[PDB]
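*Asks:* experimental structure and sequence below.
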Amino acid sequence: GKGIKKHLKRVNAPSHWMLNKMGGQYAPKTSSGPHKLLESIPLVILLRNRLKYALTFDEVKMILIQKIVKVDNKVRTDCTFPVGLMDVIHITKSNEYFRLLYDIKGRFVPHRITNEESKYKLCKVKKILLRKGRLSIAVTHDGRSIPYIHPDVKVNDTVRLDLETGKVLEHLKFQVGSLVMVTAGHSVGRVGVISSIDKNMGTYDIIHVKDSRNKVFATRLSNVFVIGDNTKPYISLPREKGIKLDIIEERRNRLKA
Amino acid sequence: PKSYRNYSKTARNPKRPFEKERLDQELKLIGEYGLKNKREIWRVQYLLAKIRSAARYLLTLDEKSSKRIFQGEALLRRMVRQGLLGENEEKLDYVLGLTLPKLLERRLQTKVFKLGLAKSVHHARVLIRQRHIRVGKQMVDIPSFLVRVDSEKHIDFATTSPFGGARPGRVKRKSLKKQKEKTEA
Amino acid sequence: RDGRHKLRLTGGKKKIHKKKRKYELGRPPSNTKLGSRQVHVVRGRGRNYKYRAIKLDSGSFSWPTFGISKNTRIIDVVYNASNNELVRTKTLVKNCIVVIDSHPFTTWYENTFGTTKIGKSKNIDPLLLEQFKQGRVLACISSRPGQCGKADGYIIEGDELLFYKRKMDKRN
RNA sequence: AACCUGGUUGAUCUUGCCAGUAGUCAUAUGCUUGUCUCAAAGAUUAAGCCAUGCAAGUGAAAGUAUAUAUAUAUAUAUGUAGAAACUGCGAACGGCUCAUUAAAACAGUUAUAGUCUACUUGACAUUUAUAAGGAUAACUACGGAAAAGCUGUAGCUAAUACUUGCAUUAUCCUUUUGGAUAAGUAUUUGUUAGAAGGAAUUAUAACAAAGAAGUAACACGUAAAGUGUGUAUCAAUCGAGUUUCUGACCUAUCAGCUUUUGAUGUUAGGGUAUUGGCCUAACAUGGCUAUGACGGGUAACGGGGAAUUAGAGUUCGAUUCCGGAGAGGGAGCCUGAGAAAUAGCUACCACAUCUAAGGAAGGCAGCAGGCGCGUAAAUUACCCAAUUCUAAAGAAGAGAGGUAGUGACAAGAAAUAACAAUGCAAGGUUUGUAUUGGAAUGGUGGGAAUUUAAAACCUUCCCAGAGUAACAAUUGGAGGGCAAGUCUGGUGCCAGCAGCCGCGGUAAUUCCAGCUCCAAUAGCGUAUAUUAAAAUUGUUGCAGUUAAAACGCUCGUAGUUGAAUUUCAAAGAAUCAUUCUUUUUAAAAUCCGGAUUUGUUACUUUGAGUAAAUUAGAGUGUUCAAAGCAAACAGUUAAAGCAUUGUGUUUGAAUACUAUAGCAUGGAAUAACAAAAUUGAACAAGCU
RNA sequence: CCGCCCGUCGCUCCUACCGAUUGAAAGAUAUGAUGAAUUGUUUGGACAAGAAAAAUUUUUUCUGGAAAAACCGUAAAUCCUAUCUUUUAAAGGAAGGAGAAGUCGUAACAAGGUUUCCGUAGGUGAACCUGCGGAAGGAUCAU
Ligand SMILES: [Mg+2]
Ligand SMILES: [Mg+2]
Ligand SMILES: [Mg+2]
Ligand SMILES: [Mg+2]
Ligand SMILES: [Mg+2]
Ligand SMILES: [Mg+2]
Ligand SMILES: [Mg+2]
Ligand SMILES: [Mg+2]
Ligand SMILES: [Mg+2]
Ligand SMILES: [Mg+2]
Ligand SMILES: [Mg+2]
Ligand SMILES: [Mg+2]
Ligand SMILES: [Mg+2]
Ligand SMILES: [Mg+2]
Ligand SMILES: [Mg+2]
Ligand SMILES: [Mg+2]
Ligand SMILES: [Mg+2]
Ligand SMILES: [Mg+2]
Ligand SMILES: [Mg+2]
Ligand SMILES: [Mg+2]
Ligand SMILES: [Mg+2]
Ligand SMILES: [Mg+2]
Ligand SMILES: [Mg+2]
Ligand SMILES: [Mg+2]
Ligand SMILES: [Mg+2]
Ligand SMILES: [Mg+2]
Ligand SMILES: [Mg+2]
Ligand SMILES: [Mg+2]
Ligand SMILES: [Mg+2]
Ligand SMILES: [Mg+2]
Ligand SMILES: [Mg+2]
Ligand SMILES: [Mg+2]
Ligand SMILES: [Mg+2]
Ligand SMILES: [Mg+2]
Ligand SMILES: [Mg+2]
Ligand SMILES: [Mg+2]
Ligand SMILES: [Mg+2]
Ligand SMILES: [Mg+2]
């Protein structure tokens, strides 16, 4: 007939799933949801390939059936629910809290995290709609609509967003020296300060992001996620702290162990 | 669908199949290091050749080009591990200077022959195939096996051999014993 | 039917290699007329219903000067910059000039101030006034009745009105 | 491994082909084959035809059960199952094939300010009620038809089927209380007003008119008051449609095409989900083309890629992924969020099955399987265990998928002995090779351990278990090319061989044999194609007096190519004459005497952004290796760590390749082009 | 040089061409005719639910609605041409290549016994001959 595609082939699966070529013909195909399949990750993968709590899809399903895994604090029983960049996972029985982050490679790690910090999540606004009764609503990368957002919030900036209640805490403008994480090409794990934004007329607004080794790298503004003010990040970053080393340096590090 | 389990040719053929000198050389190599075909030689050439090619490529790049330093260094390290170079000759110009003897030396059978164990190369090979020999815990019954210098010292008769302490345990010796017993009784 | 099957600008035959994909839908024209109201529903793409008016009369007509609107029977079609056939057949489309039963506007005016929210000061044209005197006034249609299912329109004014009169002009 | 040998001659040097030579994820076929791993396989011919079986269903709190069964608690109460059917969701995915199709599709690159978008997520609503209206299935009874996934009648009865249909918020006065005015979500029209985006007829707000659909007459019993089902708009998402730019093979023995039949445009409409000659009407006379239009051919689906290459390249790409298309051939619809669906329907054509001859159903380019075609291709196997999908979503299904079977397609590893005595041999005492004879071991046979959904293999152990180690290696050669016989017989310009040159006319180193040798060896030949060899298509990189080849000559359009010229230079510090760095030498605008911008494009440099699989490549003893994407570490079971008795720990699955176009970007050279005098612009004053 | 060899003429084999035959065949478009099915609209109105009257029947109005029909519009298919492409037959004709020690000459290679060769025209069993103007690839680098 011809409509949408329900299946995903295991080689056509996006690399940072890190699936096998063997070990299956297909991949899980993230449900539609709050994240873009190419930059998400289904819950199945998390449960089975990352934490390794499950050996199989079946086990994951079973786990889900006990209403014990929460993603952003409300439960999910959909095995192929997409988790995505910043989202806190609360596996209830272990009393583990994860937050998904990026590695210095493209790969999702589940970070491990405290009760206290778990209660919020960072969310970058994308669009800021006006709706009926001249009320503004931000729309986050979490595919979530924040209504009655504080007026000073502008199109690219992140927002520290509470989970227990839908309301926001604080917001961090997209400034010239704002601690930033990346979430797309090459420099994906990378975490920097920002030197400069280009602001091209018709095109993508390219930005340059100085690291803490002072290695500058550029990136589209699209795929940059504000994470702090110049001093401190508002989230716990992984062990590497977004310092994508050179290849040689990495090898040296590996050797020294 | 097709499987994704990709596979690769390990050995290229000659080109000129009845060149005399080359043939003679091959034969000599076979003689010295107890090899079954020209195929083995070809395989080893291929192995060598890839490395050589890599080295050549690296040399085309300048020093302190990232690629050259990283990949080249890695190659060098690998060579060292393999027992191709060691202390004196670890500079990437040297990995070109490898020949076939250097590689054949590190075959398991050759190593076995060297380190006592068997009277010959052929003998060593048969020993290896006949499930004796071990290279650090693990038994190994392929003579090709390129021993790395890390696991050169840890080569001897396996735990479970007749002449590594685990009963005569043969069709032969056991049978003989049985016969003797019968004779006695 | 919205698709290819057409020469290539260089005038080369596009050799067709594709049936007709339903999303290239060219469902046929509702020649919507005068009469008592009668409208069908055609089911466009994602259950997006659209209202094929096939007979009409009582469209919403606006009076732009004063920026108001009223529902009136429309009594005749008199011009169609597409083609005269349509006007002959009395078919309503999105730029048909038609005649409104124009008592309502007059009534409204009377109610508000005088006799033939309020930024009044403009106070009417001569031609328009004359038209009103006979009861019946020229007015564009502005909805696409065939899609929307309403003959919504507006009263034709000043320069445009004059032009349309000229077009109409009788003469021989 | 950036490679060449034989063949024109009496000999020679060339040109030049032929021949050899190697490879092919490249088919066939011949002979041969003991292990193991891995695994392509009715593409090529006929997108030819198909018997039978199967390939999409779905119910584990949660629409509908007096079919029905059943267990508790006191004839009722709860309950627990539940065939059937209605409803819902799915069946638009997947799978197959490659016929079409050559600026089409596809790839990258935009665009959607020109749209649609079910499920999923998050926001979140507007003009009788202690609960409404019928009418329908299964079912009961009566039927019909040879037959069909045929249905007739009558009678019931549900539903989350179908259909009705019940305060508060914002604007103004008073001290949180009491009044006044309003009060429709999309959508559409007219009138205006205008936190983003480069840009708005955008969001939005108001006014005047219409206006759908909706806002629970639903179902569980849950959580620490919750959920399921449904629902208006918005956003997200899974996408889709269109769309920009750039990019393709052969053919000029295809040069003019397109336009009544929309060709090119403008206007108005119709239509669409939206843009659009997409369609209609009216009006222009355009549009494409030697930078190849338009035809023709393709034994053409495109791409990721494959083979082969030193480097260029050449060929291939039906075929693991992405995209397109198609379900015998066209065409047409219904349903639905999504189909112009084909295990949906209508029709015709072409095939074809049953029929009691009235009718009826049917579509393997799903999986097997069969006939046909053919040089050319496997089982009517077992299972949902893994991977996934669908469902009322652990619990069911799935020929999707996996597992075996056949399998010398390929690919990897690897047996067919080894060793020691004398005997014999040769060498300057040691290697080599005929008798013996104890060790070794797979194979093969049978048990287990394991493996597995269940088996089978793998590995593992234990019994069996080699001397002609009959557990028997072949294939093709021995004139040259080309490694190896002027060994023995047979044939006698016959038979034959011989890719090529040649051999054979009774000494054949070439036939037919035997023996011996050589190569590659569980493989080795033959054929056709292809790459390299081919600098024999030549960009790198050919040749043109005489070898093939300078147009008879000149002019000439496109094409290609185009003199020099415009800021040259200078000084200081480090290093082993050179390298890398700092500073200034004019003019204009900008900033509080100091400090900082200055043609366009090519080109180049950095980026950005790209699927993986393949490729290169890092790591990793799959026993090695082909692989794979895993792993390593500590322990007869605990220390050590770190956590406030409990908890293994370290990690890895890099990186580069992703055009020739597009995006941003540093640029001094080299190129273009633009700026520039029968006159061109720069200031200061004055006048408007 | 008793070398080499050229062409016709016979004979056998194979290849492709021309070929009357409106040759044939399949396929492809293009036109036209008829035109199944069918979206849409229009007409219809078997009937199923209302309203009007009498004691279940009568007459009239409003709703939804099947068949059937008409008109555009998609448009299969069939037939007729036309054109093109592709294989394919054919008496005869006329080439080519191969073969066989066949016929006739001697064209060319030597000053090849008329130097050769070019273009052109005519001739002739056949090689060829001749005319005109060229060339040396001449048998002359020379008065
Ligand atoms: Mg289709
Ligand atoms: Mg053993
Ligand atoms: Mg050849
Ligand atoms: Mg075995
Ligand atoms: Mg076929
Ligand atoms: Mg196939
Ligand atoms: Mg359930
Ligand atoms: Mg049921
Ligand atoms: Mg599909
Ligand atoms: Mg309903
Ligand atoms: Mg027209
Ligand atoms: Mg084709
Ligand atoms: Mg392909
Ligand atoms: Mg084909
Ligand atoms: Mg078929
Ligand atoms: Mg169809
Ligand atoms: Mg089928
Ligand atoms: Mg059919
Ligand atoms: Mg089949
Ligand atoms: Mg085969
Ligand atoms: Mg399963
Ligand atoms: Mg299958
Ligand atoms: Mg030789
Ligand atoms: Mg041969
Ligand atoms: Mg002889
Ligand atoms: Mg012989
Ligand atoms: Mg070639
Ligand atoms: Mg070459
Ligand atoms: Mg040449
Ligand atoms: Mg010549
Ligand atoms: Mg000339
Ligand atoms: Mg010119
Ligand atoms: Mg120049
Ligand atoms: Mg003379
Ligand atoms: Mg003569
Ligand atoms: Mg003569
Ligand atoms: Mg004469
Ligand atoms: Mg004469």
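*Replies:* Structure received. Numbering: from 1, shown residues only, chains lettered A, B, ... in the order given. Ligands and ions are numbered 1, 2, ... in the order given.

*Asks:* for the rest of this, base every contact and every neighbour count on C-alpha atoms.
*Replies:* OK.

*Asks:* buried sites along stretch A:241-250?
*Replies:* Residues A:241, A:242, A:243, A:244, A:248 are the ones in stretch A:241-250 that count as buried (16 or more other CA atoms under 10 Å in any protein chain shown).

*Asks:* any part of that stretch near RNA strand D?
*Replies:* Yes - judged by CA under 7 Å from any atom of the strand, stretch A:241-250 comes into contact with RNA strand D at residue A:247.

*Asks:* before we move on, what about stretch C:58-78?
*Replies:* Yes - residues of stretch C:58-78 contacting RNA strand D under CA under 7 Å from any atom of the strand: C:60, C:61, C:62, C:63, C:64, C:65, C:66, C:67, C:68, C:69, C:70, C:71.

*Asks:* how far is that stretch from where the chain is centred?
*Replies:* Relative to its parent chain, stretch C:58-78 has a centroid offset of 10 Å by CA atoms, centre = their mean, to the nearest Å.

*Asks:* and residue B:163, which of the three is it?
*Replies:* Under the three-state scheme (DSSP: H, G, I helix; E, B strand; the rest coil), residue B:163 adopts helix.

*Asks:* show the contacting residues for it.
*Replies:* residue B:157 (CA atoms under 8 Å, 6 or more residues apart in numbering or on different chains).

*Asks:* and residue 128, what does it touch?
*Replies:* Chain wasn't specified; assuming chain A. Counting by CA under 8 Å, 6+ apart, residue A:128 has contacts A:136, A:137, A:138, A:139, A:154, A:155.

*Asks:* let me rephrase: I mean chain B.
*Replies:* B:109, B:140, B:141, B:142, B:143 are the contacts of residue B:128 under CA under 8 Å, 6+ apart.

*Asks:* contacting residues around the residue positioned nearest the centre of chain A?
*Replies:* For chain A, the residue nearest the mean C-alpha position is residue A:85 (0.9 Å; CA atoms, centre = their mean). The contact partners of residue A:85, taken as CA under 8 Å, 6+ apart, are A:39, A:40, A:100, A:101, A:102, A:183.

*Asks:* quick check: residue A:90 is in a strand.
*Replies:* Yes - counting by three-state DSSP, residue A:90 is located in a strand.

*Asks:* still on that earlier bit, just among the contacts of residue A:128, which is most surrounded?
*Replies:* Using other CA atoms under 10 Å in any protein chain shown as the neighbour test, the contacts of residue A:128 are led by residue A:138, with 23 neighbours.

*Asks:* part of a helix, is it?
*Replies:* No - read with three-state DSSP, residue A:138 is strand and lies in no helix.

*Asks:* surely it and residue A:150 touch.
*Replies:* No - using CA atoms under 8 Å, residue A:138 is not in contact with residue A:150, being 9.4 Å away.

*Asks:* check contacts around the closest residue in space to residue A:91 that isn't next to it in sequence.
*Replies:* Counting by CA to CA, 6 or more residues apart in numbering or on different chains, residue A:69 is the residue found nearest to residue A:91 once chain neighbours are left out, at 4.6 Å. The contact partners of residue A:69, by CA under 8 Å, 6+ apart, come to A:63, A:75, A:76, A:77, A:89, A:90, A:91, A:92.

*Asks:* residue C:170: which of those is nearest?
*Replies:* Nearest to residue C:170 among these, counting by CA to CA, is residue A:76 at 75.5 Å.

*Asks:* thinking that closest one is in contact with residue A:67, fair?
*Replies:* Yes - if you go by CA under 8 Å, residue A:76 and residue A:67 touch, sitting 7.3 Å apart.

*Asks:* what about these two, which has more around it?
*Replies:* residue A:76 (18 against 14).

*Asks:* name the nearest residue to the more buried one, ignoring sequence neighbours.
*Replies:* Counting by CA to CA, 6+ apart, residue A:70 is the residue found nearest to residue A:76 once chain neighbours are left out, at 6.0 Å.
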